[PDB]
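Enquirer: Sharing data.pdb here; it has PDB, C-alpha atoms.
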```pdb
ATOM      1  CA  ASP X   1       0.000   0.000   0.000  1.00  0.00           C
ATOM      2  CA  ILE X   2       2.551   2.586   1.038  1.00  0.00           C
ATOM      3  CA  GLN X   3       5.431   1.037  -0.876  1.00  0.00           C
ATOM      4  CA  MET X   4       8.931   1.013   0.531  1.00  0.00           C
ATOM      5  CA  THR X   5      12.044   0.356  -1.498  1.00  0.00           C
ATOM      6  CA  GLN X   6      15.233  -0.434   0.383  1.00  0.00           C
ATOM      7  CA  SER X   7      18.726  -0.037  -1.045  1.00  0.00           C
ATOM      8  CA  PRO X   8      20.878  -1.784  -1.337  1.00  0.00           C
ATOM      9  CA  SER X   9      19.379  -5.275  -1.219  1.00  0.00           C
ATOM     10  CA  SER X  10      22.745  -6.903  -0.645  1.00  0.00           C
ATOM     11  CA  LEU X  11      25.785  -5.190   0.757  1.00  0.00           C
ATOM     12  CA  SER X  12      29.143  -6.779   1.381  1.00  0.00           C
ATOM     13  CA  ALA X  13      31.696  -4.955   3.462  1.00  0.00           C
ATOM     14  CA  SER X  14      34.591  -5.464   5.839  1.00  0.00           C
ATOM     15  CA  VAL X  15      34.951  -5.286   9.616  1.00  0.00           C
ATOM     16  CA  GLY X  16      35.363  -1.643  10.522  1.00  0.00           C
ATOM     17  CA  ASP X  17      33.542  -0.006   7.607  1.00  0.00           C
ATOM     18  CA  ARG X  18      30.802   2.593   7.696  1.00  0.00           C
ATOM     19  CA  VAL X  19      27.760   0.978   6.077  1.00  0.00           C
ATOM     20  CA  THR X  20      24.761   3.092   5.115  1.00  0.00           C
ATOM     21  CA  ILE X  21      21.518   1.611   3.902  1.00  0.00           C
ATOM     22  CA  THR X  22      18.504   3.587   2.835  1.00  0.00           C
ATOM     23  CA  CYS X  23      14.707   3.373   2.750  1.00  0.00           C
ATOM     24  CA  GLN X  24      12.364   5.435   0.563  1.00  0.00           C
ATOM     25  CA  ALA X  25       8.603   5.654   0.957  1.00  0.00           C
ATOM     26  CA  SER X  26       5.996   6.861  -1.510  1.00  0.00           C
ATOM     27  CA  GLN X  27       3.662   8.864   0.599  1.00  0.00           C
ATOM     28  CA  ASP X  28       5.373  11.125   3.117  1.00  0.00           C
ATOM     29  CA  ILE X  29       5.161   8.976   6.222  1.00  0.00           C
ATOM     30  CA  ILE X  30       6.211  12.050   8.169  1.00  0.00           C
ATOM     31  CA  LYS X  31       8.589  10.370  10.556  1.00  0.00           C
ATOM     32  CA  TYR X  32       6.927   7.047  11.266  1.00  0.00           C
ATOM     33  CA  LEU X  33       9.619   4.559  10.296  1.00  0.00           C
ATOM     34  CA  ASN X  34      11.042   1.738  12.343  1.00  0.00           C
ATOM     35  CA  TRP X  35      14.238  -0.186  11.711  1.00  0.00           C
ATOM     36  CA  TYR X  36      14.587  -3.887  12.362  1.00  0.00           C
ATOM     37  CA  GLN X  37      17.485  -6.306  12.515  1.00  0.00           C
ATOM     38  CA  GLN X  38      17.006 -10.022  11.913  1.00  0.00           C
ATOM     39  CA  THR X  39      19.868 -12.364  12.748  1.00  0.00           C
ATOM     40  CA  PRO X  40      19.756 -15.716  10.959  1.00  0.00           C
ATOM     41  CA  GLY X  41      17.282 -18.024  12.694  1.00  0.00           C
ATOM     42  CA  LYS X  42      16.054 -15.535  15.289  1.00  0.00           C
ATOM     43  CA  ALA X  43      13.073 -13.179  15.448  1.00  0.00           C
ATOM     44  CA  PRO X  44      13.367  -9.491  14.637  1.00  0.00           C
ATOM     45  CA  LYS X  45      14.859  -6.909  16.986  1.00  0.00           C
ATOM     46  CA  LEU X  46      13.631  -3.330  16.992  1.00  0.00           C
ATOM     47  CA  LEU X  47      16.657  -1.082  16.553  1.00  0.00           C
ATOM     48  CA  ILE X  48      15.313   2.410  15.968  1.00  0.00           C
ATOM     49  CA  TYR X  49      11.793   3.731  16.574  1.00  0.00           C
ATOM     50  CA  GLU X  50      10.451   6.815  14.793  1.00  0.00           C
ATOM     51  CA  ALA X  51      13.332   7.320  12.374  1.00  0.00           C
ATOM     52  CA  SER X  52      15.687   8.550  15.082  1.00  0.00           C
ATOM     53  CA  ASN X  53      15.132   7.043  18.510  1.00  0.00           C
ATOM     54  CA  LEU X  54      17.567   4.306  19.468  1.00  0.00           C
ATOM     55  CA  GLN X  55      16.031   1.576  21.525  1.00  0.00           C
ATOM     56  CA  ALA X  56      17.361   0.178  24.765  1.00  0.00           C
ATOM     57  CA  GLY X  57      20.135  -2.381  24.395  1.00  0.00           C
ATOM     58  CA  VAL X  58      21.079  -1.639  20.799  1.00  0.00           C
ATOM     59  CA  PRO X  59      24.679  -0.682  20.107  1.00  0.00           C
ATOM     60  CA  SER X  60      25.467   3.027  19.934  1.00  0.00           C
ATOM     61  CA  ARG X  61      27.216   2.386  16.658  1.00  0.00           C
ATOM     62  CA  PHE X  62      23.828   2.356  15.033  1.00  0.00           C
ATOM     63  CA  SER X  63      22.062   5.555  13.967  1.00  0.00           C
ATOM     64  CA  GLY X  64      18.948   6.560  12.020  1.00  0.00           C
ATOM     65  CA  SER X  65      17.596   9.668  10.324  1.00  0.00           C
ATOM     66  CA  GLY X  66      14.908  10.986   7.997  1.00  0.00           C
ATOM     67  CA  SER X  67      11.985  13.355   7.443  1.00  0.00           C
ATOM     68  CA  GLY X  68       9.304  12.837   4.813  1.00  0.00           C
ATOM     69  CA  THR X  69      10.046  10.235   2.246  1.00  0.00           C
ATOM     70  CA  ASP X  70      13.705   9.390   2.805  1.00  0.00           C
ATOM     71  CA  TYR X  71      15.572   7.539   5.537  1.00  0.00           C
ATOM     72  CA  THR X  72      18.993   6.089   6.277  1.00  0.00           C
ATOM     73  CA  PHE X  73      20.414   3.667   8.829  1.00  0.00           C
ATOM     74  CA  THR X  74      24.123   3.893   9.578  1.00  0.00           C
ATOM     75  CA  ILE X  75      26.370   1.339  11.201  1.00  0.00           C
ATOM     76  CA  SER X  76      29.325   3.571  12.059  1.00  0.00           C
ATOM     77  CA  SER X  77      31.735   0.700  12.558  1.00  0.00           C
ATOM     78  CA  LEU X  78      30.878  -2.828  11.475  1.00  0.00           C
ATOM     79  CA  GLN X  79      31.490  -5.655  13.933  1.00  0.00           C
ATOM     80  CA  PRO X  80      30.784  -9.348  13.391  1.00  0.00           C
ATOM     81  CA  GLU X  81      27.447  -9.530  15.176  1.00  0.00           C
ATOM     82  CA  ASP X  82      25.961  -7.174  12.588  1.00  0.00           C
ATOM     83  CA  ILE X  83      25.728  -9.833   9.888  1.00  0.00           C
ATOM     84  CA  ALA X  84      21.956  -9.851   9.549  1.00  0.00           C
ATOM     85  CA  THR X  85      19.117  -8.596   7.364  1.00  0.00           C
ATOM     86  CA  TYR X  86      17.857  -5.113   8.197  1.00  0.00           C
ATOM     87  CA  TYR X  87      14.264  -4.033   7.540  1.00  0.00           C
ATOM     88  CA  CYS X  88      12.518  -0.711   7.462  1.00  0.00           C
ATOM     89  CA  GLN X  89       8.800  -0.500   8.250  1.00  0.00           C
ATOM     90  CA  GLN X  90       6.404   2.450   7.956  1.00  0.00           C
ATOM     91  CA  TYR X  91       3.446   2.634  10.340  1.00  0.00           C
ATOM     92  CA  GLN X  92       1.841   5.878   9.166  1.00  0.00           C
ATOM     93  CA  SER X  93      -1.169   3.964   7.840  1.00  0.00           C
ATOM     94  CA  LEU X  94      -2.284   0.350   7.480  1.00  0.00           C
ATOM     95  CA  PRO X  95      -1.159  -1.742   6.274  1.00  0.00           C
ATOM     96  CA  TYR X  96       2.315  -1.635   7.783  1.00  0.00           C
ATOM     97  CA  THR X  97       4.626  -2.545   4.912  1.00  0.00           C
ATOM     98  CA  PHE X  98       8.237  -3.622   5.194  1.00  0.00           C
ATOM     99  CA  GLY X  99      11.024  -2.761   2.808  1.00  0.00           C
ATOM    100  CA  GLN X 100      12.385  -5.845   1.059  1.00  0.00           C
ATOM    101  CA  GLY X 101      15.537  -5.954   3.163  1.00  0.00           C
ATOM    102  CA  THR X 102      19.281  -5.422   3.134  1.00  0.00           C
ATOM    103  CA  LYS X 103      21.369  -8.570   3.473  1.00  0.00           C
ATOM    104  CA  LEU X 104      24.634  -7.424   5.024  1.00  0.00           C
ATOM    105  CA  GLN X 105      27.511  -9.862   4.644  1.00  0.00           C
ATOM    106  CA  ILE X 106      31.130  -9.754   5.770  1.00  0.00           C
ATOM    107  CA  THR X 107      33.806 -10.516   3.210  1.00  0.00           C
TER     108      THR X 107
ATOM    109  CA  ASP R   1      11.228  -5.609  27.853  1.00  0.00           C
ATOM    110  CA  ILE R   2       7.839  -7.315  27.632  1.00  0.00           C
ATOM    111  CA  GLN R   3       8.802 -10.892  26.919  1.00  0.00           C
ATOM    112  CA  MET R   4       6.723 -12.821  24.388  1.00  0.00           C
ATOM    113  CA  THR R   5       6.333 -16.600  24.514  1.00  0.00           C
ATOM    114  CA  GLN R   6       5.282 -18.317  21.293  1.00  0.00           C
ATOM    115  CA  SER R   7       4.176 -21.945  21.001  1.00  0.00           C
ATOM    116  CA  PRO R   8       4.754 -24.033  19.305  1.00  0.00           C
ATOM    117  CA  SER R   9       8.205 -23.388  17.916  1.00  0.00           C
ATOM    118  CA  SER R  10       7.606 -25.851  15.093  1.00  0.00           C
ATOM    119  CA  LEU R  11       4.576 -27.720  13.817  1.00  0.00           C
ATOM    120  CA  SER R  12       3.615 -30.160  11.143  1.00  0.00           C
ATOM    121  CA  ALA R  13       0.164 -30.500   9.560  1.00  0.00           C
ATOM    122  CA  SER R  14      -1.090 -31.454   6.095  1.00  0.00           C
ATOM    123  CA  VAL R  15      -3.307 -29.381   3.913  1.00  0.00           C
ATOM    124  CA  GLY R  16      -6.718 -29.101   5.394  1.00  0.00           C
ATOM    125  CA  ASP R  17      -5.747 -29.349   9.071  1.00  0.00           C
ATOM    126  CA  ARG R  18      -6.553 -26.823  11.764  1.00  0.00           C
ATOM    127  CA  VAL R  19      -3.340 -25.428  13.210  1.00  0.00           C
ATOM    128  CA  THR R  20      -3.411 -23.234  16.308  1.00  0.00           C
ATOM    129  CA  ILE R  21      -0.283 -21.292  17.377  1.00  0.00           C
ATOM    130  CA  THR R  22      -0.353 -19.120  20.490  1.00  0.00           C
ATOM    131  CA  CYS R  23       1.325 -16.166  22.175  1.00  0.00           C
ATOM    132  CA  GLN R  24       1.687 -15.070  25.753  1.00  0.00           C
ATOM    133  CA  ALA R  25       2.794 -11.672  26.982  1.00  0.00           C
ATOM    134  CA  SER R  26       4.464 -11.291  30.367  1.00  0.00           C
ATOM    135  CA  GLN R  27       2.386  -8.195  31.128  1.00  0.00           C
ATOM    136  CA  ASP R  28      -1.052  -7.056  30.095  1.00  0.00           C
ATOM    137  CA  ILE R  29      -0.686  -5.596  26.605  1.00  0.00           C
ATOM    138  CA  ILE R  30      -4.396  -5.032  26.747  1.00  0.00           C
ATOM    139  CA  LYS R  31      -4.964  -5.783  23.127  1.00  0.00           C
ATOM    140  CA  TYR R  32      -2.055  -4.662  21.057  1.00  0.00           C
ATOM    141  CA  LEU R  33      -0.620  -7.643  19.199  1.00  0.00           C
ATOM    142  CA  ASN R  34       0.365  -8.057  15.557  1.00  0.00           C
ATOM    143  CA  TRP R  35       0.738 -11.337  13.735  1.00  0.00           C
ATOM    144  CA  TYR R  36       3.383 -11.556  11.016  1.00  0.00           C
ATOM    145  CA  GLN R  37       4.059 -14.038   8.230  1.00  0.00           C
ATOM    146  CA  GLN R  38       7.524 -14.520   6.764  1.00  0.00           C
ATOM    147  CA  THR R  39       8.241 -16.793   3.813  1.00  0.00           C
ATOM    148  CA  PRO R  40      11.869 -17.687   3.357  1.00  0.00           C
ATOM    149  CA  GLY R  41      13.986 -14.736   2.251  1.00  0.00           C
ATOM    150  CA  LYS R  42      11.242 -12.152   1.717  1.00  0.00           C
ATOM    151  CA  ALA R  43      10.133  -9.234   3.842  1.00  0.00           C
ATOM    152  CA  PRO R  44       7.694  -9.948   6.592  1.00  0.00           C
ATOM    153  CA  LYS R  45       4.001  -9.257   5.972  1.00  0.00           C
ATOM    154  CA  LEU R  46       1.366  -8.053   8.409  1.00  0.00           C
ATOM    155  CA  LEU R  47      -1.547 -10.496   8.551  1.00  0.00           C
ATOM    156  CA  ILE R  48      -3.539  -9.453  11.607  1.00  0.00           C
ATOM    157  CA  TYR R  49      -3.459  -6.145  13.401  1.00  0.00           C
ATOM    158  CA  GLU R  50      -4.557  -5.365  16.953  1.00  0.00           C
ATOM    159  CA  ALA R  51      -5.255  -8.983  17.823  1.00  0.00           C
ATOM    160  CA  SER R  52      -8.260  -9.500  15.545  1.00  0.00           C
ATOM    161  CA  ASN R  53      -8.363  -7.423  12.400  1.00  0.00           C
ATOM    162  CA  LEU R  54      -7.506  -9.095   8.763  1.00  0.00           C
ATOM    163  CA  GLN R  55      -5.340  -6.672   6.810  1.00  0.00           C
ATOM    164  CA  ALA R  56      -5.910  -6.297   3.081  1.00  0.00           C
ATOM    165  CA  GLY R  57      -5.782  -9.459   0.981  1.00  0.00           C
ATOM    166  CA  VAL R  58      -4.936 -11.924   3.737  1.00  0.00           C
ATOM    167  CA  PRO R  59      -7.005 -15.050   3.186  1.00  0.00           C
ATOM    168  CA  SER R  60     -10.066 -15.593   5.369  1.00  0.00           C
ATOM    169  CA  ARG R  61      -8.694 -18.760   6.789  1.00  0.00           C
ATOM    170  CA  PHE R  62      -6.622 -16.739   9.190  1.00  0.00           C
ATOM    171  CA  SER R  63      -8.273 -15.275  12.272  1.00  0.00           C
ATOM    172  CA  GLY R  64      -6.809 -13.949  15.489  1.00  0.00           C
ATOM    173  CA  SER R  65      -8.261 -13.645  18.948  1.00  0.00           C
ATOM    174  CA  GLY R  66      -7.239 -12.302  22.330  1.00  0.00           C
ATOM    175  CA  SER R  67      -7.325  -9.786  25.169  1.00  0.00           C
ATOM    176  CA  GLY R  68      -4.702  -9.635  27.878  1.00  0.00           C
ATOM    177  CA  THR R  69      -1.708 -11.952  28.100  1.00  0.00           C
ATOM    178  CA  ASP R  70      -3.130 -14.651  25.851  1.00  0.00           C
ATOM    179  CA  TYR R  71      -3.590 -14.612  22.095  1.00  0.00           C
ATOM    180  CA  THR R  72      -4.343 -17.245  19.459  1.00  0.00           C
ATOM    181  CA  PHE R  73      -3.738 -17.404  15.710  1.00  0.00           C
ATOM    182  CA  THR R  74      -5.682 -20.056  13.800  1.00  0.00           C
ATOM    183  CA  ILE R  75      -5.294 -21.320  10.238  1.00  0.00           C
ATOM    184  CA  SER R  76      -8.631 -22.980   9.466  1.00  0.00           C
ATOM    185  CA  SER R  77      -7.550 -24.976   6.438  1.00  0.00           C
ATOM    186  CA  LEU R  78      -3.817 -25.214   5.804  1.00  0.00           C
ATOM    187  CA  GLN R  79      -2.668 -24.864   2.198  1.00  0.00           C
ATOM    188  CA  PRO R  80       0.541 -25.180   0.194  1.00  0.00           C
ATOM    189  CA  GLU R  81       1.317 -21.476   0.447  1.00  0.00           C
ATOM    190  CA  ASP R  82       0.923 -21.161   4.201  1.00  0.00           C
ATOM    191  CA  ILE R  83       4.404 -22.547   4.742  1.00  0.00           C
ATOM    192  CA  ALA R  84       6.297 -19.789   6.503  1.00  0.00           C
ATOM    193  CA  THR R  85       7.456 -18.730   9.951  1.00  0.00           C
ATOM    194  CA  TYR R  86       4.868 -16.806  11.953  1.00  0.00           C
ATOM    195  CA  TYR R  87       5.529 -14.016  14.474  1.00  0.00           C
ATOM    196  CA  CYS R  88       3.645 -12.183  17.197  1.00  0.00           C
ATOM    197  CA  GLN R  89       4.697  -8.697  18.275  1.00  0.00           C
ATOM    198  CA  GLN R  90       3.310  -6.657  21.133  1.00  0.00           C
ATOM    199  CA  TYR R  91       3.376  -2.893  20.626  1.00  0.00           C
ATOM    200  CA  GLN R  92       1.910  -1.628  23.901  1.00  0.00           C
ATOM    201  CA  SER R  93       5.262  -0.407  25.178  1.00  0.00           C
ATOM    202  CA  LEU R  94       8.788  -0.004  23.828  1.00  0.00           C
ATOM    203  CA  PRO R  95      10.508  -1.903  22.862  1.00  0.00           C
ATOM    204  CA  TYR R  96       8.280  -3.761  20.408  1.00  0.00           C
ATOM    205  CA  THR R  97       9.405  -7.325  21.053  1.00  0.00           C
ATOM    206  CA  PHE R  98       8.581 -10.352  18.942  1.00  0.00           C
ATOM    207  CA  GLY R  99       7.787 -13.883  19.984  1.00  0.00           C
ATOM    208  CA  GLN R 100      10.333 -16.446  18.837  1.00  0.00           C
ATOM    209  CA  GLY R 101       8.619 -17.849  15.742  1.00  0.00           C
ATOM    210  CA  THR R 102       6.421 -20.709  14.581  1.00  0.00           C
ATOM    211  CA  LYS R 103       7.824 -22.686  11.709  1.00  0.00           C
ATOM    212  CA  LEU R 104       4.977 -24.371   9.826  1.00  0.00           C
ATOM    213  CA  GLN R 105       5.784 -27.392   7.665  1.00  0.00           C
ATOM    214  CA  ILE R 106       3.519 -29.502   5.452  1.00  0.00           C
ATOM    215  CA  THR R 107       3.425 -33.196   6.279  1.00  0.00           C
TER     216      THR R 107
END
```
Represent the structure contained in this file as structure tokens.

Expert:
Amino acid sequence: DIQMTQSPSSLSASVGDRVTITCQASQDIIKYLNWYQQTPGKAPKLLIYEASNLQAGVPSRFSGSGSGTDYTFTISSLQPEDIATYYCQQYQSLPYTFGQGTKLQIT
Amino acid sequence: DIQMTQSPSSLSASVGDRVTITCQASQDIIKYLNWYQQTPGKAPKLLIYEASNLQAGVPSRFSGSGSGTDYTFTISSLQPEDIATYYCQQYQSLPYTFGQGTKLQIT
């Protein structure tokens, strides 16, 4: 319904690197975008609520920003436990739609 | 935060069966529970919102019910394309935590 496209869809990068993934919506969803991480085999973990607000427990190496239509998620310095798929989700209006995901690997 | 207990963790049925997967919250979340479907490698999809309510296009063989700490997700007649992992998420307070997942397999 509100479509999100997430870029890239696969990302391969080395321990230490800044990694930046983005998320674009097609209505302005104002600021209502969550970020999820899913480790292989586990359930999703909420990383960032409302574009910017880092959640309890999540590394301070992660950041998020955005207004309107465009968002980004930064991992300032990549560590091994970041190998995961990362999702954006808008919750401005139902239904809640996820981006298609960024698969982050470590070369 | 609020811990979510999902059961079972894996399940086999064959097409036609009734399958019932549940979720308990460790605190009154009143009614605020989302049910997710995830087929392998694709983005999660919202099936059921606020415990009971069918989101657009989700077959009418899914229903949810619940108030409180206890919720149920039923699949009235299992089909070939219901094979997926299923998730509950409370969103009463932050963080939004998921249950651990129900893998459904076809027997």

Enquirer: Counting only C-alpha atoms, which residues of chain R fall within 10 Å of chain X, and what is the closest atom pair for each with its distance in Å at one decimal, ordered by chain and rising number, as JSON lines?

Expert:
```
{"residue": "R:1", "atom": "CA", "partner": "X:56", "partner_atom": "CA", "distance": 9.0}
{"residue": "R:41", "atom": "CA", "partner": "X:101", "partner_atom": "CA", "distance": 9.0}
{"residue": "R:42", "atom": "CA", "partner": "X:100", "partner_atom": "CA", "distance": 6.4}
{"residue": "R:43", "atom": "CA", "partner": "X:100", "partner_atom": "CA", "distance": 4.9}
{"residue": "R:44", "atom": "CA", "partner": "X:98", "partner_atom": "CA", "distance": 6.5}
{"residue": "R:45", "atom": "CA", "partner": "X:97", "partner_atom": "CA", "distance": 6.8}
{"residue": "R:46", "atom": "CA", "partner": "X:96", "partner_atom": "CA", "distance": 6.5}
{"residue": "R:47", "atom": "CA", "partner": "X:95", "partner_atom": "CA", "distance": 9.1}
{"residue": "R:48", "atom": "CA", "partner": "X:95", "partner_atom": "CA", "distance": 9.7}
{"residue": "R:49", "atom": "CA", "partner": "X:95", "partner_atom": "CA", "distance": 8.7}
{"residue": "R:55", "atom": "CA", "partner": "X:95", "partner_atom": "CA", "distance": 6.5}
{"residue": "R:56", "atom": "CA", "partner": "X:95", "partner_atom": "CA", "distance": 7.3}
{"residue": "R:85", "atom": "CA", "partner": "X:43", "partner_atom": "CA", "distance": 9.6}
{"residue": "R:86", "atom": "CA", "partner": "X:43", "partner_atom": "CA", "distance": 9.6}
{"residue": "R:87", "atom": "CA", "partner": "X:43", "partner_atom": "CA", "distance": 7.7}
{"residue": "R:88", "atom": "CA", "partner": "X:43", "partner_atom": "CA", "distance": 9.6}
{"residue": "R:89", "atom": "CA", "partner": "X:44", "partner_atom": "CA", "distance": 9.4}
{"residue": "R:94", "atom": "CA", "partner": "X:55", "partner_atom": "CA", "distance": 7.8}
{"residue": "R:95", "atom": "CA", "partner": "X:55", "partner_atom": "CA", "distance": 6.7}
{"residue": "R:96", "atom": "CA", "partner": "X:46", "partner_atom": "CA", "distance": 6.4}
{"residue": "R:97", "atom": "CA", "partner": "X:45", "partner_atom": "CA", "distance": 6.8}
{"residue": "R:98", "atom": "CA", "partner": "X:43", "partner_atom": "CA", "distance": 6.4}
{"residue": "R:99", "atom": "CA", "partner": "X:43", "partner_atom": "CA", "distance": 7.0}
{"residue": "R:100", "atom": "CA", "partner": "X:43", "partner_atom": "CA", "distance": 5.4}
{"residue": "R:101", "atom": "CA", "partner": "X:43", "partner_atom": "CA", "distance": 6.5}
```

Enquirer: Apply the PyMOL selection byres ((chain X and resi 28) around 6) to the structure shown and report the selected residues as an MDAnalysis selection string.

Expert: chainID X and resid 27 29:30 68:69

Enquirer: I would like the residues chosen by the PyMOL selection byres ((chain X and resi 79) around 10) on the shown file; could you give them as a list in words?

Expert: residues 14, 15, 16, 17, 61, 75, 76, 77, 78, 80, 81, 82, 83 and 106 of chain X

Enquirer: How many Å separate atom CA of residue R:53 from atom CA of residue X:23?

Expert: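 So the answer is 27.2 Å.
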
Enquirer: Scan for residues within 10 Å of the point (22.2, -1.7, 1.1) in the coordinates of the file, using all atoms listed in the file, and reply as a list in words.

Expert: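 Protein, DNA and RNA residues close to (22.2, -1.7, 1.1): residues 6, 7, 8, 9, 10, 11, 12, 19, 20, 21, 22, 23, 72, 73, 85, 86, 101, 102, 103 and 104 of chain X.
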
Enquirer: Could you please determine the separation between atom CA of residue X:71 and atom CA of residue R:2 in Å, to one decimal place?

Expert: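 For atom CA of residue X:71 relative to atom CA of residue R:2, the distance reads 27.7 Å.
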
Enquirer: What does the distance from atom CA of residue R:59 to atom CA of residue R:33 come to in Å, to one decimal?

Expert: 18.8 Å

Enquirer: Evaluating the PyMOL selection byres ((chain X and resi 51) around 6) on the displayed file yields which residues, as a ChimeraX atom specification?

Expert: /X:31,33,49-50,52,64-66

Enquirer: With 5 Å on each side, where is the centre of the axis-aligned box around all listed atoms of stretch 4-10 of chain R, and how long are its edges in Å to one decimal, as lines of an AutoDock Vina configuration file?

Expert:
```
center_x = 6.2
center_y = -19.3
center_z = 19.8
size_x = 14.0
size_y = 23.0
size_z = 19.4
```
